[PDB]
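Asker: My structure is below; once you've seen it, I'll send some questions.
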Amino acid sequence: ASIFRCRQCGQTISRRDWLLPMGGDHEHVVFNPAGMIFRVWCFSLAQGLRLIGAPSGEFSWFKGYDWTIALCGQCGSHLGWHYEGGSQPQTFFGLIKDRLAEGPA
Ligand SMILES: O=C1CC[C@H](n2nc3ccccc3n2)C(=O)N1
Ligand SMILES: [Zn+2]
């Protein structure tokens, strides 16, 4: 269990090696304004996504970061968000853990 794929279609998304401890933890449990709870895992890098729209700062769970919706580039499943416009690091991915499948390289 080293690679993360899209749970719906099996698109290659990220690696356990690429987990990023933002504020001391890679896992952040967050709620959106619609009251949906997400278990978000922070990654330095991801692939196989499609980033939709222009960045927005509204309701950002990570101070100083603007977000873009990250879909699976293959099946269009909402996998999380790309974050940018911040510092150390400038950019990262917040992916919804339960929408990924972990398995061998
Ligand atoms: O960091 C983030 C990413 C985006 C996320 N968010 N989900 C929404 C659903 C409906 C309307 C606005 C919304 N904002 C959020 O709350 N925070
Ligand atoms: Zn997919």
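Here's how to read the names in the structure tokens: chain A, B, ... by the order shown, residue numbers from 1 in each chain, ligand numbers from 1 in the order shown.
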Counting only C-alpha atoms and all ligand atoms, which protein, DNA or RNA residues come within 8 Å of ligand 2, given as a PyMOL selection string?
Answerer: chain A and resi 5-11+71-77
Asker: Need the shell around residue 22 of chain A: protein/DNA/RNA residues with any atom at most 12 Å away, counting only C-alpha atoms. Skip same-chain ones fewer than 6 positions apart. Format as a compact mmCIF listing (two decimals) with N, CA, C and O atoms, in the first residue's frame?
Answerer:
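File around_38.txt, as written:
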# COMPACT_ATOMS: atom_id res chain seq x y z
N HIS A 28 -6.59 16.46 8.13
CA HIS A 28 -7.43 17.58 8.64
C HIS A 28 -8.90 17.23 8.44
O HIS A 28 -9.30 17.01 7.27
N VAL A 40 -9.65 15.21 5.08
CA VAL A 40 -8.75 15.73 4.01
C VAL A 40 -7.33 15.29 4.35
O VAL A 40 -6.90 15.50 5.50
N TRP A 41 -6.66 14.64 3.39
CA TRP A 41 -5.23 14.29 3.46
C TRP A 41 -4.47 15.26 2.56
O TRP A 41 -4.88 15.44 1.41
N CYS A 42 -3.45 15.92 3.11
CA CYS A 42 -2.62 16.93 2.40
C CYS A 42 -1.46 16.22 1.70
O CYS A 42 -0.76 15.43 2.36
N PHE A 43 -1.29 16.48 0.41
CA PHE A 43 -0.19 15.96 -0.44
C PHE A 43 0.55 17.15 -1.05
O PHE A 43 -0.11 18.14 -1.45
N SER A 44 1.88 17.06 -1.09
CA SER A 44 2.76 18.05 -1.75
C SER A 44 2.48 18.04 -3.26
O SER A 44 2.47 19.12 -3.87
N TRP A 61 -9.94 26.42 4.32
CA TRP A 61 -9.58 25.73 5.59
C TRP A 61 -8.13 26.01 5.95
O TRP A 61 -7.75 25.74 7.11
N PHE A 62 -7.33 26.50 5.00
CA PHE A 62 -5.87 26.73 5.18
C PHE A 62 -5.59 28.21 4.93
O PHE A 62 -5.70 28.68 3.77
N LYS A 63 -5.23 28.93 6.00
CA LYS A 63 -5.06 30.40 6.01
C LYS A 63 -3.98 30.78 4.99
O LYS A 63 -2.93 30.10 4.96
N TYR A 65 -4.17 30.51 1.75
CA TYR A 65 -4.29 29.68 0.52
C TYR A 65 -5.64 29.91 -0.15
O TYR A 65 -6.66 30.01 0.55
N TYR A 83 -4.54 23.89 -3.57
CA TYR A 83 -4.32 25.14 -2.80
C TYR A 83 -3.10 25.86 -3.38
O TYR A 83 -2.12 25.18 -3.71
N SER A 87 2.47 30.37 1.36
CA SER A 87 3.94 30.35 1.62
C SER A 87 4.31 29.06 2.36
O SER A 87 3.60 28.72 3.32
N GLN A 88 5.39 28.40 1.93
CA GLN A 88 6.05 27.28 2.66
C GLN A 88 5.01 26.21 3.00
O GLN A 88 4.69 26.01 4.17
N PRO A 89 4.45 25.48 2.01
CA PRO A 89 4.73 25.69 0.59
C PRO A 89 3.75 26.65 -0.08
O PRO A 89 2.73 26.95 0.50
N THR A 91 2.02 25.95 -2.84
CA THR A 91 0.90 25.11 -3.34
C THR A 91 0.94 23.73 -2.68
O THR A 91 2.03 23.29 -2.29
N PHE A 92 -0.22 23.07 -2.59
CA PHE A 92 -0.40 21.66 -2.16
C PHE A 92 -1.81 21.20 -2.53
O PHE A 92 -2.65 22.03 -2.96
N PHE A 93 -2.09 19.91 -2.33
CA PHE A 93 -3.41 19.29 -2.59
C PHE A 93 -4.03 18.83 -1.27
O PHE A 93 -3.30 18.24 -0.46
N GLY A 94 -5.31 19.14 -1.07
CA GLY A 94 -6.16 18.54 -0.03
C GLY A 94 -7.12 17.55 -0.66
O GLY A 94 -8.06 18.00 -1.33
Asker: What are the nearest atom pairs, with distances in Å to one decimal, for all residues of chain A that come at most 8 Å from ligand 1, using only C-alpha atoms and all ligand atoms, set out by chain and rising residue number as a Markdown table?
Answerer:
| residue | atom | partner | partner_atom_place_in_ligand_line | distance |
| --- | --- | --- | --- | --- |
| A:30 | CA | ligand 1 | 16 (O) | 7.9 |
| A:31 | CA | ligand 1 | 16 (O) | 6.4 |
| A:32 | CA | ligand 1 | 16 (O) | 3.6 |
| A:33 | CA | ligand 1 | 16 (O) | 5.7 |
| A:34 | CA | ligand 1 | 10 (C) | 5.7 |
| A:57 | CA | ligand 1 | 1 (O) | 7.9 |
| A:58 | CA | ligand 1 | 14 (N) | 6.9 |
| A:59 | CA | ligand 1 | 16 (O) | 4.7 |
| A:60 | CA | ligand 1 | 1 (O) | 3.5 |
| A:61 | CA | ligand 1 | 1 (O) | 4.2 |
| A:62 | CA | ligand 1 | 1 (O) | 6.4 |
| A:66 | CA | ligand 1 | 1 (O) | 7.7 |
| A:67 | CA | ligand 1 | 3 (C) | 5.8 |
| A:68 | CA | ligand 1 | 3 (C) | 7.5 |
| A:69 | CA | ligand 1 | 4 (C) | 7.2 |
| A:80 | CA | ligand 1 | 3 (C) | 7.8 |
| A:81 | CA | ligand 1 | 3 (C) | 6.2 |
| A:83 | CA | ligand 1 | 1 (O) | 8.0 |
Asker: Create the file for the chosen residues now, containing N, CA and C atoms and written as a PDB file, in the first residue's frame.
Answerer:
ATOM      1  N   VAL A  30     -12.530  18.593   8.357  1.00  0.00           N
ATOM      2  CA  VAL A  30     -13.069  19.948   8.045  1.00  0.00           C
ATOM      3  C   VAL A  30     -14.550  19.819   7.665  1.00  0.00           C
ATOM      4  N   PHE A  31     -15.310  20.911   7.785  1.00  0.00           N
ATOM      5  CA  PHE A  31     -16.705  21.043   7.297  1.00  0.00           C
ATOM      6  C   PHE A  31     -16.800  22.222   6.327  1.00  0.00           C
ATOM      7  N   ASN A  32     -17.576  22.060   5.252  1.00  0.00           N
ATOM      8  CA  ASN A  32     -17.845  23.130   4.257  1.00  0.00           C
ATOM      9  C   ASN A  32     -19.111  23.871   4.688  1.00  0.00           C
ATOM     10  N   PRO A  33     -19.467  24.998   4.026  1.00  0.00           N
ATOM     11  CA  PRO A  33     -20.651  25.773   4.408  1.00  0.00           C
ATOM     12  C   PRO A  33     -21.981  25.017   4.241  1.00  0.00           C
ATOM     13  N   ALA A  34     -21.999  23.938   3.453  1.00  0.00           N
ATOM     14  CA  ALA A  34     -23.170  23.050   3.259  1.00  0.00           C
ATOM     15  C   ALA A  34     -23.228  21.991   4.370  1.00  0.00           C
ATOM     16  N   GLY A  57     -10.431  32.375  -2.333  1.00  0.00           N
ATOM     17  CA  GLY A  57     -10.019  32.420  -0.917  1.00  0.00           C
ATOM     18  C   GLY A  57     -11.181  32.169   0.034  1.00  0.00           C
ATOM     19  N   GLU A  58     -12.429  32.283  -0.443  1.00  0.00           N
ATOM     20  CA  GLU A  58     -13.669  32.167   0.377  1.00  0.00           C
ATOM     21  C   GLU A  58     -13.731  30.793   1.057  1.00  0.00           C
ATOM     22  N   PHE A  59     -13.839  30.769   2.389  1.00  0.00           N
ATOM     23  CA  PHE A  59     -14.079  29.567   3.232  1.00  0.00           C
ATOM     24  C   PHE A  59     -12.846  28.649   3.277  1.00  0.00           C
ATOM     25  N   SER A  60     -11.671  29.101   2.829  1.00  0.00           N
ATOM     26  CA  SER A  60     -10.439  28.270   2.797  1.00  0.00           C
ATOM     27  C   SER A  60     -10.147  27.730   4.203  1.00  0.00           C
ATOM     28  N   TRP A  61      -9.943  26.419   4.322  1.00  0.00           N
ATOM     29  CA  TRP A  61      -9.585  25.728   5.589  1.00  0.00           C
ATOM     30  C   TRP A  61      -8.126  26.009   5.952  1.00  0.00           C
ATOM     31  N   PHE A  62      -7.327  26.495   5.000  1.00  0.00           N
ATOM     32  CA  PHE A  62      -5.874  26.731   5.177  1.00  0.00           C
ATOM     33  C   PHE A  62      -5.590  28.215   4.928  1.00  0.00           C
ATOM     34  N   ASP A  66      -5.612  30.024  -1.477  1.00  0.00           N
ATOM     35  CA  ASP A  66      -6.794  30.034  -2.374  1.00  0.00           C
ATOM     36  C   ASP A  66      -6.954  28.621  -2.941  1.00  0.00           C
ATOM     37  N   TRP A  67      -8.186  28.189  -3.206  1.00  0.00           N
ATOM     38  CA  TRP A  67      -8.470  26.788  -3.611  1.00  0.00           C
ATOM     39  C   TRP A  67      -9.124  26.742  -4.992  1.00  0.00           C
ATOM     40  N   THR A  68      -8.839  25.659  -5.704  1.00  0.00           N
ATOM     41  CA  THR A  68      -9.523  25.255  -6.958  1.00  0.00           C
ATOM     42  C   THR A  68     -10.015  23.820  -6.759  1.00  0.00           C
ATOM     43  N   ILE A  69     -11.225  23.522  -7.229  1.00  0.00           N
ATOM     44  CA  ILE A  69     -11.827  22.161  -7.151  1.00  0.00           C
ATOM     45  C   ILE A  69     -10.959  21.229  -7.997  1.00  0.00           C
ATOM     46  N   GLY A  80     -11.006  16.407  -4.324  1.00  0.00           N
ATOM     47  CA  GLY A  80     -10.633  17.420  -3.321  1.00  0.00           C
ATOM     48  C   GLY A  80     -10.353  18.776  -3.940  1.00  0.00           C
ATOM     49  N   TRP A  81      -9.252  19.407  -3.538  1.00  0.00           N
ATOM     50  CA  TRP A  81      -8.916  20.810  -3.896  1.00  0.00           C
ATOM     51  C   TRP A  81      -7.402  20.955  -4.076  1.00  0.00           C
ATOM     52  N   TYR A  83      -4.539  23.889  -3.570  1.00  0.00           N
ATOM     53  CA  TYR A  83      -4.320  25.140  -2.801  1.00  0.00           C
ATOM     54  C   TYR A  83      -3.099  25.858  -3.376  1.00  0.00           C
TER      55      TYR A  83
END
Asker: Among segment 35-98 of chain A, which ones does DSSP place in strand (DSSP E), written as an MDAnalysis selection string?
Answerer: chainID A and resid 37:43 49:56 66:72 78:84 92:96
Asker: In Å, rounded to a single decimal, give me how far atom CA of residue 23 of chain A is from atom CA of residue 79 of chain A.
Answerer: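 That distance, rounded to one decimal, is 21.4 Å.
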Asker: Between atom CA of residue 105 of chain A and atom CA of residue 24 of chain A, what is the distance, to one decimal in Å?
Answerer: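 Answer for the atom CA of residue 105 of chain A to atom CA of residue 24 of chain A separation: 26.7 Å.
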Asker: Between atom CA of residue 1 of chain A and atom CA of residue 98 of chain A, what is the distance, to one decimal in Å?
Answerer: 14.9 Å
